[PDB]
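Okay, structure first, notes after.
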Number of protein chains: 2
Amino acid sequence: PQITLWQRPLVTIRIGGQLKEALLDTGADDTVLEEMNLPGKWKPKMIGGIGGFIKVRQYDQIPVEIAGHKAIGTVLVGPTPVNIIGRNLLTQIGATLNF
Amino acid sequence: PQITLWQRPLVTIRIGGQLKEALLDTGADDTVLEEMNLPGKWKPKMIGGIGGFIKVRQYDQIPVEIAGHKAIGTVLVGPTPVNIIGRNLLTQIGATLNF
Ligand SMILES: CCCC[C@@H](CN[C@@H](CCCC)C(=O)N[C@@H](CCC(N)=O)C(=O)N[C@@H](CCCNC(N)=[NH2+])C(N)=O)NC(=O)[C@@H](NC(=O)[C@@H](NC(C)=O)[C@@H](C)O)[C@@H](C)CC
């Protein structure tokens with residue numbers, strides 16, 4: 001599908017068992033989700049945005065389905081204001097910007 | 001064009017007499033430039049994201065050119081680690097996400 005930017009580029013994703021709402025974001029290297037439990041082993045990491053640094057926890061190899069598209073890779077969970085889908089998963093689904 | 005997301009999508013824009021590199025960000029509601037001396041009245045404000053809020057200056061009706069496509073709109077100036085082009089302006093040059 002083609003998505004226009006007059007509205008927030010918001011999509012439903014399954015994070016297995018559950019359904020969430022995430023923001024397709026070109027401006028994010030990685031994927032970060034609101035604090036939730038996942039089936040995995042994790043390691044503490046730090047990421048940045050406009051206001052500074054935050055501690056998150058990394059989960060390697062989690063299958064995510066973005067609008068019915070399949071992706072398998074890293075997922076960071078911590079105190080992010082909006083769930084966001086980064087370039088790490090977008091490239092798996094073959095997302096590009098057109099103008 | 002068609003920009004792939006293997007790397008951060010960085011483009012050259014013109015604001016004032018300057019050519020600058022900015023990140024195309026579908027997860028930014030607004031456009032935010034790093035500290036720069038523009039003429040004009042501004043109103044102050046706060047924007048946040050990962051990490052917290054930073055204080056910035058709001059300038060209205062500032063004409064740009066995002067890689068040879070003109071736009072006009074509000075731009076925020078403050079201490080961002082990077083120049084960011086939000087949707088306010090991407091909506092003007094006809095950019096979509098496609099997968
Ligand atoms: C230097 C900043 C670079 C741009 C920025 C775009 N992020 C959006 C994300 C979506 C909301 C969290 C952002 O801050 N958006 C603001 C930006 C500036 C602005 N405020 O216009 C925005 O829309 N904020 C909303 C408030 C949050 C709600 N969301 C929303 N309305 N869309 C708003 N209107 O003010 N990227 C990020 O915030 C991401 N950070 C990175 O990609 C950083 N990478 C690492 C490895 O840490 C790198 C640059 O150091 C992700 C990967 C963190 C792991």
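All chains are named by letter (A, B, ...) in the order of the sequence lines, taking the proteins before the strands, and each is independently numbered beginning at 1. Remember, it's 1-based here, ligands and their atoms both numbered in the order they're listed. Side chains included, hydrogens not; waters and symmetry mates left out as well; all remaining heavy atoms used.
- The neighbour count for A:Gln61 CD, taken as heavy atoms of other residues, nucleotides or ligands under 6.0 Å away, does not exceed 12.
- Atom 38 (O) of ligand 1 has A:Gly49 CA, 3.7 Å as its closest protein atom, hydrogens excluded (heavy atom only).
- Checked by atom type and distance alone, the side chain of B:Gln92 pairs as donor or acceptor with a backbone atom of B:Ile72 at under 3.5 Å.
- The closest approach between B:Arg8 and ligand 1 falls below 4.0 Å for a heavy atom of the residue.
- Counting the atoms of ligand 1 from 1 in the order shown, those under 4.0 Å from a heavy atom of A:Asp30 are 46 (C), 52 (C).
- The protein heavy atom nearest to atom 17 (C) of ligand 1 is A:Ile50 CD1, 3.7 Å.
- Donor-acceptor pairing under 3.5 Å is recorded for the side chains of B:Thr31 and B:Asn88.
- With rounding to the nearest 0.5 Å, the separation of CG in B:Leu19 from CD in B:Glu65 is 8.5 Å.
- In terms of modelled atom types and a separation under 3.5 Å, the side chain of B:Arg87 and the main chain of A:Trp6 share a donor-acceptor contact.
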ask   = Going through the distances and angles, do B:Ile15 and B:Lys20 end up as a side-chain contact (heavy atoms from CB on, under 4.5 Å)?
value = CA-CA 8 Å; B:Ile15 321 95; B:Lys20 261 145 166 59; 3.4 Å; yes
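- Protein heavy atom nearest atom 50 (O) of ligand 1, with residue, atom name and distance: A:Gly48 O, 4.1 Å.
- In this structure, the protein non-hydrogen atom closest to atom 28 (C) of ligand 1 is A:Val82 CG1, 4.5 Å.
- Counting only heavy atoms of the protein, atom 31 (N) of ligand 1 lies nearest to B:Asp29 OD2, 2.7 Å.
- By the 4.0 Å heavy-atom criterion, B:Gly86 is excluded from the residues contacting ligand 1.
- Contact annotation: for A:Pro81 versus ligand 1, heavy atoms closer than 4.0 Å belong to the side chain alone.
- Between atom 37 (C) of ligand 1 and the options A:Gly27, B:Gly78, A:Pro9, the minimum heavy-atom separation is to A:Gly27.
- Heavy atoms of B:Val32 come nearer than 4.0 angstrom to ligand 1 in at least one pair.
- When hydrogens are left out, the protein atom nearest atom 6 (C) of ligand 1 is B:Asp25 OD2, 2.6 Å; that is the closest non-hydrogen contact.
- Contacts between B:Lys45 and ligand 1 below 4.0 angstrom, taking non-hydrogen atoms only, are absent altogether.
- Counting protein heavy atoms only, atom 35 (O) of ligand 1 is closest to B:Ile47 CG2, 3.2 Å.
- Side-chain atoms of A:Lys43 and A:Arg57, non-hydrogen and from C-beta on, never get closer than 4.5 Å to each other.
- Remark: minimum distance from atom 3 (C) of ligand 1 to any protein heavy atom is reached at B:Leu23 CD2, 4.2 Å.
- When all heavy atoms are compared, the tightest approach of A:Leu23 to B:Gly27 is CD1-CA, 3.3 Å.
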ask   = So A:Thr26 and B:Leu5, side-chain contact (heavy atoms from CB on, under 4.5 Å) or not? Walk me through it.
value = CA-CA 7 Å; A:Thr26 270; B:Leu5 268 59; 3.6 Å; yes
